[PDB]
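2 protein chains.
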Amino acid sequence: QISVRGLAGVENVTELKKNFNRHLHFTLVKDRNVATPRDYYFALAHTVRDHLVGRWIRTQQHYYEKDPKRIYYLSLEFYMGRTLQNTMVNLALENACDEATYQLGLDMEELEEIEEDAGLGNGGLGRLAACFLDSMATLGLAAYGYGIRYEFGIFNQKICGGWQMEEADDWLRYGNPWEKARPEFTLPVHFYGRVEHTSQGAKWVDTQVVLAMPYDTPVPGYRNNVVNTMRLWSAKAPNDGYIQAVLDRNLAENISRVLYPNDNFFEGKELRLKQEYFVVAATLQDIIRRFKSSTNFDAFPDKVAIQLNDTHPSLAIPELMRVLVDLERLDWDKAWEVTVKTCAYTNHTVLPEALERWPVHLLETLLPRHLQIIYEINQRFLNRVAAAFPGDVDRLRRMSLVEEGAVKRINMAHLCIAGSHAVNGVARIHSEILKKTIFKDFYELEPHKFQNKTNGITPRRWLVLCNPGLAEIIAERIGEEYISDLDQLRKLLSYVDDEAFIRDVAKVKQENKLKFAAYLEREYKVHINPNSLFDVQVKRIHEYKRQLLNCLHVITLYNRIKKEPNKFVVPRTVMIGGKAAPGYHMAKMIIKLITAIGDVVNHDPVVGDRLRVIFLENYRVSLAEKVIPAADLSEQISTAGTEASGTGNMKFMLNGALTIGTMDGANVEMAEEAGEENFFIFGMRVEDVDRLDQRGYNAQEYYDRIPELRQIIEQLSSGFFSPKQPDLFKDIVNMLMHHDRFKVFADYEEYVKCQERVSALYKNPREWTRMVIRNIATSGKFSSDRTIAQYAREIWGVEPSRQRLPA
Amino acid sequence: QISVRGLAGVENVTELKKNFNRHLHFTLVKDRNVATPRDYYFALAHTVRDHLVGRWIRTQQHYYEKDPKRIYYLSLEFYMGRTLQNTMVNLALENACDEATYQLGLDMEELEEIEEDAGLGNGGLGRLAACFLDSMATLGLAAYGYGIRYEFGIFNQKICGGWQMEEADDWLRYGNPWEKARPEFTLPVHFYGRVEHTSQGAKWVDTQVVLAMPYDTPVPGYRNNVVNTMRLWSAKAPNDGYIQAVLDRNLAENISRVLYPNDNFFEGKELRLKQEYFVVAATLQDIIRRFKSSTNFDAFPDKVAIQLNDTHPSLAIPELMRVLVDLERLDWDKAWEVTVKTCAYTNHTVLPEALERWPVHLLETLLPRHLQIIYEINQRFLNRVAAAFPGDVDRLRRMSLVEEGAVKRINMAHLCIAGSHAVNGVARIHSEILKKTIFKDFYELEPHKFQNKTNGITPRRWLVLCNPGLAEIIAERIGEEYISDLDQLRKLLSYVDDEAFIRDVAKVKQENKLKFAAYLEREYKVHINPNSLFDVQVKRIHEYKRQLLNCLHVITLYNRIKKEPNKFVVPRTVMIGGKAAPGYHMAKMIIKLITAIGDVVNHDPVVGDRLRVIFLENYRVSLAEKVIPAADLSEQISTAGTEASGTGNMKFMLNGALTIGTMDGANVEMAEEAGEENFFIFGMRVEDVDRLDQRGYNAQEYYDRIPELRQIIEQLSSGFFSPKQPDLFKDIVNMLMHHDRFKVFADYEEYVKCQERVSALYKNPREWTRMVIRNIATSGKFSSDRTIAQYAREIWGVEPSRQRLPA
Ligand SMILES: O=c1c(O)c(-c2ccc(O)c(O)c2)oc2cc(O)cc(O)c12
Ligand SMILES: O=c1c(O)c(-c2ccc(O)c(O)c2)oc2cc(O)cc(O)c12
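Which chain is which? The protein sequence lines are A and A', in order. A prime marks a further copy of an entry chain.
According to the entry's author numbering, the first sequence holds residues 12 to 251, 261 to 314, 324 to 836 in order.
According to the entry's author numbering, the second sequence holds residues 12 to 251, 261 to 314, 324 to 836 in order.
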């Protein structure tokens, strides 16, 4: 049908069809008279998964045979999304399956909508894990993803009366055809107990046991026959009155029941700590077994890299030490050398509320041996700080793994830096901020530890998959190589005055917009004007991301229209979407304000279809693949210094939106790649935020000097956006006026003015589209292949590769 | 290899082999270098299940097409055992798979030992359900089994220090290849709430919802291409702080977590009541849907029979009424007519402690609408009793569904009789006892309600499967027809003086004994003498079954040997096995006494291999298939009047053991079938037990008059069988001396004397074996095909059939 989708070979189609029917009859036990589309999806899913197994067994067999260094990507979150399309695309079976399902009288796309997201993540950090597994398989690395198989992923969000309601994300209800259960490789994990010193060694005794049962999911590289593994652990009660004892097996099985729904926020809950130890202990036994199956650990860092995605599996460090010292009888010093050289740590935020700082009492109880090891680590590490900086005792107290206070805590970031050979941030500004501020003392001690690794996104899911029309028009001019060599998109600059390309680019955007508008009307009965500018902010709801600043802009547009009804303005559909953490009262109030603004704006007959505001419900990876290709303006308006990188930013750039943003995170590099003249950059830079902090931020000043701002705040206080409950938003108002950590009012004027520049350009379609070309053509750096190649060469010590395995 | 096992066709073998390899590669994702026997079992299991699906879909499709009356067998227990061998035998694929697995270098029998029992039952009543599904499919009935899919079946029993220890029967750990999940046919069940009377009707509102998810298992008939369904419901929380709310989904899912482990004993636990309503509500919605999918219910009893296996799903009666009256708007009278004609009830014991008698307060809370309906039922039913027996008010209070007392209760048996058109016992003596005693008032009101249906066992599992050697020697003389026409075994009487048959019968027994002895030594390192008489009592541990009486006999044999060491006695290996309910202190003490007797007996050098006592651990359906074909003497020694039927009795008769027993349950019919002269019948008859009850049972009398008995009791009291804990068995002694409901001492002398007759015969091998022939040849009545044909003609109103469906 379209070329980037591959060949619908005649044998291939004929084979797929009968394999479809075979699974429908034997696997599903259905005939065509009773089968639902759901059965059809599953038949197709089984059929497609059979095409991997040959490669899946050979890839793993090949790593047994050639013994390369193995990379273990350890994360509490893998935000995988759907798997069916992605698997077809990476195996080159998309047109063949589309034709085969067509010949059976089925619409493949309709079938794809049946698959549940594997929503085992919150947002950026979990999706990065997902993009990384893709890129590592595409670059031929012997890489494993290790995580938890949550029974319930990130909650499904409903909006009732304009408010978020959470419900269980029961993603496994109808089964998961992609995973293979491996109960035969189940492993014991220990909790509680107490420590005995004998000789030989310390001994961790009287523990409770939880079993960890692995489930393996395949991870296919792009057209290279590589199929790596994502292994996720599931919690199981041990083998060994009566009814209550059987029922009490749930307590241990609750360890993998549900993903904690906090994006960038630390809650010190014991269950969360258990989940972190559970993934770390099970994983490290796997790693060690595999290493032995090729008891002298000199070579262990040449054969193993363990990458820590945030501090969440930071326990890997004292766990590896525990195994090496207590079970393998290595001297401490050798063990530590091995540990540091095996581990590396990635930081994803500088915001203090995200820092993991576990109470010492809690670790003492749940993991007594690990606390002792942490103390010994801290002593030797601070001994090093003393030798390097004699007499600097404040530096000692600041660098310590132990925080003194009402409650003594362990700082997990400090543990990670001490126990890792490399520490990285996720965009250049962020990595520099780390060296200047929170990790400055650690930087001065060990400067060659500290690196940058700018994030990326996979151009498979985030272009070929979600926007096949754009991928096609690009392939038509430059071939298909850019798909795994995204720097080739720079060749599109030579088309910035090509009339046919300019036309094709606009036509593809317009098709994405028409299609997205159809989705909304079909699945939610909401009418959007398809000739409006699609203005979109999609990401988790937080104060630092400044959805409220968007809110102030939206209401400004409304009040401007009402003051001068007859003045032309570019129509917009302003879309905001994302989940709030269940406990974050402020976040929930903001979602409510967005829907409340909609209640006025969308029913004002003077405004009509010139301005609509909609809250996109249940933002998740599959909804991202729909709305991002339809977008005109990408809102990326975080307070300078707060967004470590962002990745949603990159998706929009890749898919033909222009960006309005602050110089924060990877926005800085994106503007550098495209030319600043091709970005709507506004607001304080980091330096200016600091100057404001030095002086004191006083919101009242901005209110007193900006009449349009004053009018919005008064509308909020007096009840204009909540007539029945006039004080409904007093908490938002008070925060804005007196406790705004993110300085919303200080960027208001520059933001509104920059938004005027956006509209001005949109009035000139031709020049809008030429600027878009200049963005797409410079998005190549933001491929996760680039990012992962940098991890492999600069941290892991492995060489990536583009060569096929046998067919 | 052997003929009854079927043809190893060359194409068939070639096809099985590649399907084996296909599943190993695609389903299991394994190659032959890493595969465990466990993987091989699963590959074989998937391969074998593919051979059913053609027939499975056509059978169900055929019942849609011909609309016969459907039979719904409703039970809280389906004691299915293993499925792999049974499926091969019923499809005629046993030799073909054996040859195919042989050609792959695999031992099929070894593979079969990997499969877990589906142990979703306690004992007799659950196995009967299992045998019935087999026989109904073999007789061509459109029959469904409806039950609960317990996550944990009957507990696995370990014996530590001679004591029972229970652990979770985690039967689903490695998956179940036989079932197909049907989450798409999930259904809501309601609990709690309260009743509103509007008009139209009563309304049950404010309920909590539990979802019921069906899993379908195939049930293949013997070589007739019929494949019926066993549907088992599994509990699921409804779709709709946050973490605790997700975790609290377990409370509702606990409904199907674990089988209650009480054999013949009522515990009034709310969770058990919930399980009973859950199976009944889900099942009845299925039934009604299916009936509508062919809203006038005149024909509903012509299209539906619901059979109640004990009172456990007795709620079916007020549930069917609730649906018909409240949801379908039928007048009460018509609804009741439909209900009585749809339902029938099977009783399995007369022991009062087994009677379900639920507190009115509990039903009021959990099932308010059902309590009201029960009250209305009771009123109209007692109105009938008054018209038939004017002025007999004691009869009214005795017959009432409501028991008055400190706690008001509902008598579920009384509900069943009132709401059913047929009530049956499970052996002729038992059915007569019901009419004479506990149900006498109900018999006088409605005599044509009351029937007998003598139990049976399936000759597939219980002969062809478990004892292929015996089945072969029988087939060699009479052909294979007896396999589904077990009355043909009477032709074996003409061989009672055939020298070759006498030899073959003894040779087969001897092979079963050698093999069982090998099992015990391999899997437990216990040495048994294979030229000893294998004396076996296997069944649940209860006082009424009188394992203690066996205990007294065993110790008598020991004391006799010690008193006269040089006198010849026939060597025996005395085997006792079975589970005690976790809470039944007495039952647990008895298991302990058996092992304690072993501790003395088996280490006395004067006894040596002349007498051994072993406690067979973890008696379950698969262990029954091993030990029953190896047995010489079948112990069936319950107090006359207490064992409603028994079915273990029948297994032993079928498999070439002779029986020592009381005239109780189906023992009476078995002796009638074979001739009493071919049974070791001893002890009080029912009549004699009654006379003893009239006079008062005084144990002391038997103790004072029987020196050998006195010596055993003194050995028990003084600590001979527990030197370290001399008073260990004082509770057993005291029960025997002062509270023995089952009158152990009263049958002691006759039992010991009858056991002397057994030994005397065993000394004459030829005449032992001729008596065995006379037993086997008269076991035909005890086929479950016979039983089910009687249910179909005399209760359900359907005609059984022996004809094939298309290939
Ligand atoms: O807008 C979209 C839409 O509605 C569907 C869809 C949903 C349900 C169905 O049953 C169906 O056939 C298609 O898919 C999409 C896929 C995209 O990549 C982008 C989109 O904008 C849509
Ligand atoms: O005694 C028996 C025995 O040991 C086995 C067995 C167990 C484990 C194995 O691995 C194996 O190959 C065979 O099966 C049996 C099957 C019967 O029907 C009867 C028996 O008496 C045995």
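Cβ coordinates follow ideal geometry from the N, Cα and C atoms, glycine included.
According to the DSSP assignment, A'/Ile82 belongs to no alpha helix (DSSP H) but to the beta strand (DSSP E) extending over 81-85. With a threshold of 8 Å, the Cβ atom of A'/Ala547 counts as near ligand 2, since some heavy atom of the ligand is closer than that. It is roughly 49 Å from the alpha-carbon of A'/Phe166 to the alpha-carbon of A/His443. For A'/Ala192, the nearest beta carbon of chain A is closer than 9 Å to its own beta carbon. With a threshold of 16 other beta carbon atoms within 10 Å, A/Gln539 falls short and is exposed.
For A'/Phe750, the number of other beta carbons within 10 angstroms of its own is at least 16, and it is reported as buried. For A'/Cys495, the number of other beta carbons within 10 angstroms of its own is at least 16, and it is reported as buried.
Judged by DSSP in its simplified three-state form, A'/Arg292 adopts helix. When C-beta distances to chain A' are compared with 8 Å, the residues of the stretch 188-213 of chain A below that value are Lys191, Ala192, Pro194, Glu195, in chain order. Under a criterion of Cβ atoms nearer than 8 Å, the residues of chain A adjacent to A'/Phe37 are, in order, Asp61, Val64. Boundaries of the alpha helix (DSSP H) harbouring A/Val100: 95-102, taken from the DSSP string.
Taking non-hydrogen atoms of ligand 1 into account, the C-beta of A/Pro594 is found less than 8 Å away from none of them. The Cβ atoms of A'/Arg506 and A'/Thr483 do not sit closer than 9 Å to each other. Taking all protein chains shown into account, A'/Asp526 has fewer than 16 neighbouring C-beta atoms within 10 Å of its C-beta and is therefore exposed. Within the model, the alpha-carbon separation for A'/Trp387 versus A'/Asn631 is close to 47 Å.
No Cβ-Cβ contact shorter than 9 Å links A/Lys608 with A/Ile666. The Cβ of A'/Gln168 sits no closer than 9 Å to any Cβ of chain A. Using a 10 angstroms sphere on the CB of A/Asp251, the tally of other CB atoms stays under 16, which defines it as exposed.
Every alpha helix (DSSP H) stretch that sits fully inside the stretch 638-704 of chain A and reaches 4 residues is listed by chain position as 650-656, 677-683, 696-703. DSSP places A/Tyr548 inside the alpha helix (DSSP H), whose first and last residues are 528-553. With its beta carbon less than 9 Å from one in chain A, A'/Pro611 belongs to the interface. A'/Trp67 is positioned such that its CB atom lies no closer than 9 Å to that of A'/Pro188. At least one heavy atom of ligand 2 falls within 8 Å of the beta-carbon of A'/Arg551. Taken from the Cβ of A'/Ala653, every heavy atom of ligand 2 lies 8 Å or farther away. For A'/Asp327, the shortest separation between its Cβ and any heavy atom of ligand 2 does not lie below 8 Å. Against chain A, a Cβ distance below 8 Å from A'/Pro794 picks out nothing, because the smallest value is about 46 Å. When beta bridges are read from the DSSP output, A/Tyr226 appears opposite A/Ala192, A/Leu243.
For A/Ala179, the chain A' residues whose C-beta falls within less than 9 Å of its own C-beta are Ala248, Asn250, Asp251, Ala265, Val266, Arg269, listed in chain order. CA-CA distance, A'/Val237 to A'/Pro835, rounds to 9 Å.
The beta carbons of A/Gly158 and A/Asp180 sit about 16 Å from each other, so the pair does not count as a contact at 8 Å. In the structure shown, A/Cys142 adopts helical secondary structure according to DSSP, grouped into three states. Those residues of the stretch 14-47 of chain A placed with their C-beta closer than 7 Å to a C-beta in chain A' are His36, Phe37, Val40, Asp42, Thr47, ordered along the chain. Relative to ligand 2, A'/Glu124 has its C-beta within less than 8 Å of a heavy atom. At a cut-off of 8 Å, the beta-carbon of A/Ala500 does not count as near ligand 1: no heavy atom of the ligand is closer than that. Shown here, A/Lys41 sits in coil according to DSSP, grouped into three states, outside any helix or strand.
Using a Cβ distance threshold of 9 Å, A/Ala673 and A/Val389 do not count as a contacting pair.
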